[PDB]
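So that the names make sense, note that chain A is the first sequence line, chain B the second, and so on, each numbered from 1. In listed order, ligands and their atoms are each counted from 1. Reckoned from all heavy atoms, side chains included, excluding hydrogens, waters and symmetry mates.
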Amino acid sequence: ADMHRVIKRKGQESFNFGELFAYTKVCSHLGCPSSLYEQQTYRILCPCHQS
Amino acid sequence: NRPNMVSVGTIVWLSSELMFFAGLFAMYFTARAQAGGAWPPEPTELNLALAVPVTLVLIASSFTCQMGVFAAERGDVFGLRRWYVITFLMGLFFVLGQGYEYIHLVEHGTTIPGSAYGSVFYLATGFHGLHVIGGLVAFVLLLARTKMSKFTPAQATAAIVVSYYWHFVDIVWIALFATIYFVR
Amino acid sequence: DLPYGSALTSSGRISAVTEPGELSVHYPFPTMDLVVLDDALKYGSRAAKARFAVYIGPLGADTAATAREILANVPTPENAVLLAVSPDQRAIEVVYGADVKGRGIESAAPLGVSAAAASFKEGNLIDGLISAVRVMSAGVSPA
Amino acid sequence: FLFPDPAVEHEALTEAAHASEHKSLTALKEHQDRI
Amino acid sequence: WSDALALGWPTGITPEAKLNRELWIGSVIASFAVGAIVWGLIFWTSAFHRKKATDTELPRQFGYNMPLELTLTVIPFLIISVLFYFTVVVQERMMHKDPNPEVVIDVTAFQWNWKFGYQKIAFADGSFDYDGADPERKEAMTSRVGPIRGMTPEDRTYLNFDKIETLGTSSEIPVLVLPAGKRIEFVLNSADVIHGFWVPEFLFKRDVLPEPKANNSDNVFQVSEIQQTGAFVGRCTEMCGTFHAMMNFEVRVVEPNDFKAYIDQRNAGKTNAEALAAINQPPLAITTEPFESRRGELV
Amino acid sequence: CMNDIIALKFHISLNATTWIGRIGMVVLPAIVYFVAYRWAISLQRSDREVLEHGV
Amino acid sequence: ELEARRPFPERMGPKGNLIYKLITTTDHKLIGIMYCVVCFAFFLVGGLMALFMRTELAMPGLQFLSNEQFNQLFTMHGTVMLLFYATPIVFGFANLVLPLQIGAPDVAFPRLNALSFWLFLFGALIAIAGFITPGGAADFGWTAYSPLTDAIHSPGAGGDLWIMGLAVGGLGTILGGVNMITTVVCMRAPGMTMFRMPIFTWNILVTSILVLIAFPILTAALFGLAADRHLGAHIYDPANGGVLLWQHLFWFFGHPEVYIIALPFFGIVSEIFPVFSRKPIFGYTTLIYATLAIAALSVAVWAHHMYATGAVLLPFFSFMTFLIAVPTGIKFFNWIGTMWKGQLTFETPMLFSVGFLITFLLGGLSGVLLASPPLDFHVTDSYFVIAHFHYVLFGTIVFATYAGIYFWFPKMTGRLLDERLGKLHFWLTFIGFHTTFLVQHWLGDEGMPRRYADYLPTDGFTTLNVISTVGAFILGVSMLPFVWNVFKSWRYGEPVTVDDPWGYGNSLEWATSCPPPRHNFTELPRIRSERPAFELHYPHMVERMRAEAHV
Amino acid sequence: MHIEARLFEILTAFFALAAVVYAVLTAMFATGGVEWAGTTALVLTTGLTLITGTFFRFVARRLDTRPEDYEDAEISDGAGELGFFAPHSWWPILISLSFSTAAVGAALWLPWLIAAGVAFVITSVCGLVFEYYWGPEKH
Amino acid sequence: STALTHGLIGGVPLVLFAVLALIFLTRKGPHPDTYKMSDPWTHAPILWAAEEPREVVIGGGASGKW
Ligand code: HEA
Ligand code: HEA
Ligand SMILES: CCCCCCCCCCCCCCCC(=O)OC[C@H](C)OC(=O)CCCCCCCC[C@@H](C)CCCCCCCC
Ligand SMILES: CCCCCCCCCCCCCC(=O)O[C@H](COC(=O)CCCCCCCCCCC)COP(=O)(O)O
Ligand SMILES: CCCCCCCCCCCCC
Ligand SMILES: CCCCCCCCCCCCC
Ligand SMILES: CCCCCCCCCCCCC
Ligand SMILES: CCCCCCCCCCCCC
Ligand SMILES: CCCCCCCCCCCCC
Ligand code: FES
Ligand SMILES: [Ca+2]
Ligand SMILES: [Cu+2]
Ligand SMILES: [Cu+2]
Ligand SMILES: [Cu+2]
Ligand SMILES: [Mg+2]
């Protein structure tokens with residue numbers, strides 16, 4: 001039901017297999033595992049500095 | 001030739017603190033009227049073999065406190081210290097005896113979450129026990145102050161009002177003990 | 001001889017009153033001009049360690065003997081610099097005590113008289129007092 | 001804490017304490033006055 | 001005019017409501033008279049006792065008029081004694097309960113909708129009897145030692161269950177259907193917190209409590225009859241949480257034969273809306289409509 | 001640094017704690033500077049009072 | 001006879017003049033000023049809450065608030081206005097003048113007095129801090145009915161913060177009551193007998209006795225509620241009798257509460273009327289008896305707040321509530337008698353006291369209507385009740401509070417507030433109040449319940465709601481001239497160099513300077529009546545005062 | 001101080017009558033019988049005024065007339081020392097901050113914060129009670 | 001309407017404020033009128049002094065006229 005809200009990044013429009021998406025678990029800020037995945041807000045929270 | 005100002009303030013505050021226990025007595029009597037015939041309900045088995053001696057120790061602490069007051073009014077700081085140390089030890093014994101009763105009541109299934117009777121029993125007796133602990137703190141603070149300067153009339157007034165508080169705590173306990181352990 | 005509603009108390013103080021809605025002070029000048037003059041007095045006196053004073057009223061016929069009489073009413077008058085003005089007689093007087101002599105007041109007191117007189121000819125009484133106090137205190141040293 | 005000492009002991013002790021405190025204050029005062 | 005003096009009170013649709021409205025109008029007139037006197041005394045002294053320009057001495061310094069002081073404690077006592085007498089009369093008439101009501105309604109309030117059950121119908125002329133209690137479901141709530149007289153706080157046995165029930169929904173206002181001219185009895189119970197049963201045209205409301213008997217509340221009240229057909233809004237009048245403003249209901253008053261037809265339809269498996277359409281009534285509430293479930297205009 | 005622990009224990013939004021820290025990082029030192037300056041001068045005046053009038 | 005003066009008095013103290021005093025002061029005058037400032041800040045906060053509610057009620061539909069936020073808004077608006085503005089401002093006024101009125105240098109317990117103020121401030125901050133949590137503040141109403149307040153139905157931290165903040169502030173209030181009672185019984189000046197004290201002091205003493213009854217039982221009820229919410233206790237369990245247990249305990253507090261914030265302000269207008277009438281207060285002894293009777297009766301009428309629960313003995317409470325109307329009417333007759341045949345001038349304190357009389361009258365008539373259970377069966381929990389208690393509250397704690405401020409501001413500061421700006425403030429307040437609250441009687445009678453975030457366009461409520469919101473925003477702008485006046489008058493106001501700027505003051509505070517010295521008095525006059533300052537300033541009148549006293 | 005005692009005795013008379021009347025009127029023809037909450041509250045309000053009034057009445061019959069109890073007392077009758085009144089203290093705000101710490105701890109149910117707040121309260125109350133009794137430092 | 005509702009709520013308070021402030025703040029307050037030099041000095045004589053420095057041989061003087 002949430003697939004109509006997905007915005008694709010340029011060059012990455014076909015990187016998902018249907019409704020499966022894969023991102024790096026390494027945070028781009030300072031490298032902590034950014035792995036606090038909120039399924040309803042669809043928000044990925046990094047525990048280290050709150051990105 | 002004039003009222004003791006600290007005395008009147010202490011008496012006025014103690015009369016107010018009677019209304020705080022009024023609220024808890026109201027809670028107890030409301031729960032008792034809704035008991036439906038079983039009060040205290042199972043499995044609560046109150047035992048007077050331990051409540052009575054603890055009550056008597058708390059009553060005798062009033063006489064020891066009054067003896068300390070007589071020494072203070074006499075100007076005798078050492079007699080005041082001796083009687084207030086005895087009173088402190090007896091009130092501490094009351095607190096420990098109550099805690100032992102609490103421990104034996106909890107093991108047999110009378111707890112605050114467990115039943116309405118447990119809720120009222122523990123709020124009533126536990127807030128009274130907190131008042132007792134506050135009075136013991138008051139004894140400790142007063143006794144330390146008598147070592148700080150010479151024994152003046154203001155120091156004796158402080159002893160007297162601490163005793164007013166202790167007598168209030170003892171009388172409230174007599175009322176709570178009568179309504180819980182005999183007017184069941 | 002006391003005003004209406006005024007009483008002499010057991011300490012000697014006077015306990016007075018005002019009719020409701022009336023004022024206690026009623027100087028014929030605007031409040032902010034009075035504040036400016038008060039600041040001029042305070043910060044001129046602080047900067048010179050000499051008490052500056054201002055008189056408005058009738059100065060008599062000699063007007064310098066009267067001014068010397070008024071200077072006795074300033075606190076610590078030996079260290080004070082009074083500027084007395086008669087709007088009616090159109091007279092300007094400056095009188096100071098002995099503690100201030102030799103500290104720059106002989107140069108500055110006539111400058112204060114000139115500063116007051118320049119503003120008085122425009123009909124600005126409080127402005128003249130403020131200007132004169134400013135010039136005279138700027139010319140006195142705490143010596 | 002519970003029992004008083006003999007009054008003569010208390011008097012001697014209090015007098016000695018006051019004398020010592022006064023002597024200490026005087027020593028500091030006279031050093032200050034000298035320098 | 002009685003409407004201006006009633007101050008927005010509805011005219012009323014039961015005899016008890018009409019009696020209450022008469023008490024209201026009389027009391028309003030008494031209070032307006034006292035207020036006019038006191039306001040006029042305030043305005044008089046403010047108008048005519050102001051300080052003139054030609055008075056030098058202070059006014060006469062009186063501070064005690066004992067007969068007047070005594071006379072001004074007796075009169076208000078008399079007025080409140082009269083008001084107390086009539087108050088007692090009207091509350092005795094309004095709280096009166098007959099041993100034989102002709103419709104007994106179970107009112108169940110919850111957070112945050114209504115359920116109306118038809119417990120019993122006994123028309124006074126013998127033309128309609130119906131026994132609606134469903135005691136085979138009150139027993140299913142028994143929860144059982146227990147913290148309160150052997151019971152857990154999830155006991156719920158005090159609630160009433162009936163065969164014909166109108167259940168409110170966030171998308172359907174519950175419509176309670178009643179016959180005109182008949183003694184109606186309302187039995188009020190709450191599933192959780194305290195709600196309020198207010199039909200303004202009844203000129204009366206009562207609080208809806210969880211476990212009313214243990215709280216010494218009389219959760220039962222009657223109207224001797226409802227004197228006209230129509231549709232009347234009802235609202236919750238005790239703060240009950242988030243949707244306290246959004247749990248309204250409606251009372252549809254119909255003629256007794258139509259009420260019998262409606263009850264036959266409901267017994268035949270019809271829902272409330274289709275059973276109302278079967279007696280040529282609007283199927284949904286007409287005094288109120290459901291609230292939008294969107295949380296506001298910014299959503 | 002303990003904003004996440006404080007958010008969990010003291011019921012503050014984590015986003016709010018970040019913004020409180022961001023704004024307070026400018027505002028709190030200014031307030032503290034002003035208050036500490038006035039408080040120090042106030043203690044100086046309290047000393048002066050005892051010097052003119054005694055204890 | 002030339003006395004040197006300054007051209008204008010000092011506007012403010014030097015740097016460092018105030019901040020250490022604020023945290024170390026045992027001076028009741030400074031503590032009273034601190035009370036007034038902080039209570040007024042809380043008044044502005046609570047008024048902002050009401051402005052939000054009123055804006056949302058202007059139109060049907062939810063334009064910017066949710067249900068939850070609206071419920072928090074009325075809960076906290078009522079809490080802030082009742083317990084963080086009115087109740088502590090009683091003790092603000094008492095700290096300002098009560099030691100002066102009895103000719104004392106101080107209160108009985110200066111450090112306990114300071115502690116009472118700091119407990120007020122920090123308890124209020126604890127309760128308001130619910131708004132910085134994600135869920136928000138308490139949203140179960142200021143009355144906090146059970147079981148809505150239990151952990152099942154109000155789980156958030158806002159409710160618990162509300163409970164504990166109320167407990168802390170209530171301890172502050174109780175200690176303030178102890179202090180005020182002890183001060184009156186111990187610190188009176190020689191010749192200041194109990195029946196020579198001003199009516200304000202009598203009302204403070206009786207109010208303090210009421211405080212000692214109401215606030216401890218509310219503290220006990222709150223601690224029972226916290227036991228239920230944190231320990232799983234069954235105090236307020238419905239099957240246990242807890243619904244009406246809560247209501248009985250709360251209202252046994254809650255009725256005494258409304259008269260704790262009525263009698264002091266009655267005493268304020270009792271101080272103000274004789275000064276601007278140039279007359280004595282009419283029936284001094286009867287006023288004292290009326291205060292005592294009201295206080296006695298206010299402890300026995302609580303269940304008139306519970307008429308629609310179907311569970312209270314209606315005649316007892318109905319009759320007692322009707323009886324309370326008699327001493328209050330005695331007070332209305334005593335005040336009009338004080339004005340009767342005077343020389344009235346209507347400066348700002350007098351104007352605000354007359355606004356008191358007019359507004360409170362309608363409030364009290366509405367309350368008498370509410371006292372009969374049949375009429376309350378229709379109007380309870382509706383906007384009729386809201387109109388009643390805003391008419392009766394706003395009269396005592398707004399009109400009489402402003403009367404006290406305008407009256408005693410020169411005494412506490414040595415400066416007068418501007419009377420033109422004060423008249424602008426009064427007329428904005430008076431017009432705004434009646435515009436916002438008179439039409440709410442009609443709304444409640446029609447069928448609009450209290451505490452609704454929303455209604456429908458077909459309800460028939462929109463026009464009167466719009467009128468009420470227009471009035472509320474008049475009440476919002478009425479605050480600007482007052483705050484401007486205090487801000488300007490505090491530093492640049494007209495200097496007061498006399499003891500009595502109002503001319504005909506009666507109590508001992510007008511027999512001392514503006515402001516009083518640190519220990520309030522450089523001398524005392526002979527005390528032979530309840531108008532000692534008047535006899536000090538007009539000796540020639542004393543004979544007349546004894547001759548003309550009886551009609 | 002006979003008027004001070006009389007005030008509380010009059011309140012006591014009214015409160016005792018109200019308590020007895022309410023208990024008897026709710027026991028008879030009131031649903032459930034005696035209404036226990038209101039009866040208890042009225043009885044102990046009576047007790048509050050009784051404690052204070054009895055204390056005042058006992059104090060009054062001890063000491064003879066004070067200058068504030070005397071209808072034609074002179075101001076100079078009250079000459080002399082009044083008593084001790086603390087000139088300043090920062091301990092009250094510390095006590096209130098401590099109690100507020102313990103209260104926030106109880107609101108959010110953080111037992112460690114409650115413990116810290118109770119310790120703060122005891123230390124602050126000791127600071128207040130000892131403020132005018134600590135002797136000079138000893139070296 | 002909805003524009004009429006917002007016009008009343010915003011507009012009535014400000015119009016009323018302006019009208020009441022024209023009625024009350026344009027009146028003359030109790031402060032005395034400012035003395036004009038052309039008029040005689042009919043006030044009592046005034047002596048003002050600074051309170052600093054915090055606490056009778058003449059040292060000289062000067063004279064002037066305008
Ligand atoms: C005790 C005193 C008191 C006072 C003074 C007031 C003041 C006002 N109140 Fe009332 N109120 C109560 C006590 C009081 N209140 C109580 C006990 C309740 C019941 C609560 C409950 O239901 O649980 C209640 C509830 C209540 C309701 C019913 C809400 C509902 O049931 O849904 C309404 C409705 O309109 C209302 C409105 C007002 C208004 C418009 C004012 C006007 O005075 C306010 C306008 C004033 C202002 C002061 C505006 C602010 C002005 C500013 C300039 C602010 C700008 C700057 C800052 C804020 C920093 N309040
Ligand atoms: C200042 C605060 C204050 C004051 C003084 C009062 C005073 C009175 N109040 Fe009220 N009241 C509140 C604040 C106040 N109240 C609040 C905040 C609530 C709501 C609580 C809540 O639910 O949130 C409330 C609610 C409330 C209720 C419950 C209503 C309900 O919710 O259903 C009742 C009912 O009995 C009541 C009645 C009275 C009466 C009879 C008086 C009387 O004391 C007034 C007596 C005065 C007069 C009568 C006028 C003067 C008399 C005369 C001039 C003589 C005339 C003679 C006759 C009429 C015989 N009020
Ligand atoms: C300055 C702190 C407060 C500023 C923030 C509020 C400043 C106050 C003015 C604007 C807030 C309300 C106007 C806008 C209303 C609105 O639509 O909601 C906005 C937001 C979406 O909702 C909120 O809930 C806002 C927070 C609520 C305030 C909690 C009270 C905090 C306690 C303080 C009183 C403690 C003392 C102050 C502490 C002072 C500094 C400490 C050193
Ligand atoms: C808690 C200890 C229990 C001891 C049993 C008997 C009770 C009486 C003890 C008397 C103490 C005398 C101390 C004294 O004079 O020293 C004083 C110094 O102690 C203090 O000032 C602080 C005392 C501790 C405060 C208590 C905090 C917590 C209270 C615990 C509540 C249970 C005298 O000092 P000084 O001679 O003036 O240098
Ligand atoms: C329902 C039977 C009545 C029970 C009486 C309870 C009264 C208890 C009072 C105790 C007071 C003891 C000092
Ligand atoms: C639809 C007719 C409305 C009539 C309203 C009556 C006016 C009430 C008087 C107001 C009270 C004045 C103080
Ligand atoms: C004692 C109650 C007085 C209530 C008067 C209400 C008047 C409201 C007028 C509005 C009219 C709307 C149609
Ligand atoms: C000072 C006047 C305040 C009172 C305003 C009354 C408004 C009533 C308008 C009624 C509108 C008819 C629908
Ligand atoms: C018919 C029984 C009712 C008896 C009256 C009870 C009085 C309440 C006692 C209060 C207890 C204080 C300890
Ligand atoms: S490492 Fe992810 S936010 Fe810093
Ligand atoms: Ca809206
Ligand atoms: Cu509801
Ligand atoms: Cu509801
Ligand atoms: Cu009430
Ligand atoms: Mg209700």
Q: Check which protein N, O or S atoms are less than 2.8 Å from the Mg ion (ligand 15) and report how many there are.
A: 3
Q: Determine yes or no for a side-chain-to-main-chain donor-acceptor pair under 3.5 angstrom, with G:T309 supplying the side chain and G:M306 the backbone.
A: yes
Q. Ignoring water, what protein N, O or S atoms are under 2.8 Å from the Cu ion (ligand 14)?
A. G:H255 ND1, G:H304 NE2, G:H305 NE2
**Q.** Within-cutoff protein neighbour (heavy atom, under 4.0 Å) for atom 6 (C) of ligand 9
**A.** yes
(Q) Out of all atoms in ligand 9, which are within 4.0 Å of some heavy atom of B:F25? Include the element for each. (A) 13 (C)
Q. Hey, is the main chain of G:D381 close enough, under 3.5 Å, to the side chain of E:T237 for a donor-acceptor pair?
A. no
Q) What protein heavy atom is closest to atom 11 (C) of ligand 9, reported as residue, atom name and distance in Å? A) B:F29 CE1, 4.0 Å
Q) Under 3.5 Å, is there a donor-acceptor pair between the E:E238 and G:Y145 side chains? A) no
Taking only distance into account, with no hydrogens and no angle test, what donor-acceptor pairs under 3.5 Å do side-chain atoms of residues 208-217 of chain G form with protein atoms, sequence neighbours excluded?
unit_1, atom_1, unit_2, atom_2, d
G:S208, OG, G:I204, O, 2.8

Q) Can you find a side-chain donor-acceptor pair between B:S62 and B:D170 that sits under 3.5 Å? A) yes
Q. Backbone N or O of E:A214 within a donor-acceptor pair of the E:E211 side chain at under 3.5 Å?
A. no
Q) What residue and heavy atom of the protein are closest to atom 8 (C) of ligand 9, and at what distance? A) H:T39 CG2, 4.2 Å
Q: Using only heavy-atom distances, determine whether the side chains of B:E17 and B:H131 contain a donor-acceptor pair under 3.5 Å.
A: yes
**Q.** Which of the ligand 9 atoms, numbered from 1, are nearer than 4.0 Å to a heavy atom of H:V34
**A.** 1 (C), 2 (C), 3 (C)
(Q) Would you say the rings of H:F8 and H:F55 are close, in the sense that their centroids are separated by under 6.0 Å? (A) no
Q. If we ignore angles and hydrogens, is there a donor and acceptor under 3.5 Å between the side chains of G:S146 and G:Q247?
A. no
Q.
Is a donor from one side chain sitting under 3.5 angstrom from an acceptor on the other, for G:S382 and E:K205?
A. no
Using atom types as modelled, flag every donor-acceptor pair under 3.5 Å from a side chain in residues 172-181 of chain B to any protein atom, sequence neighbours excluded.
unit_1, atom_1, unit_2, atom_2, d
B:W173, NE1, B:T55, OG1, 3.1
B:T179, OG1, B:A175, O, 3.4
B:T179, OG1, B:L176, O, 3.2

**Q.** For H:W36, atoms of ligand 9 separated by under 4.0 Å from a heavy atom
**A.** 3 (C), 6 (C)
**Q.** Side chain E:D192, main chain E:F110, donor-acceptor under 3.5 Å
**A.** no
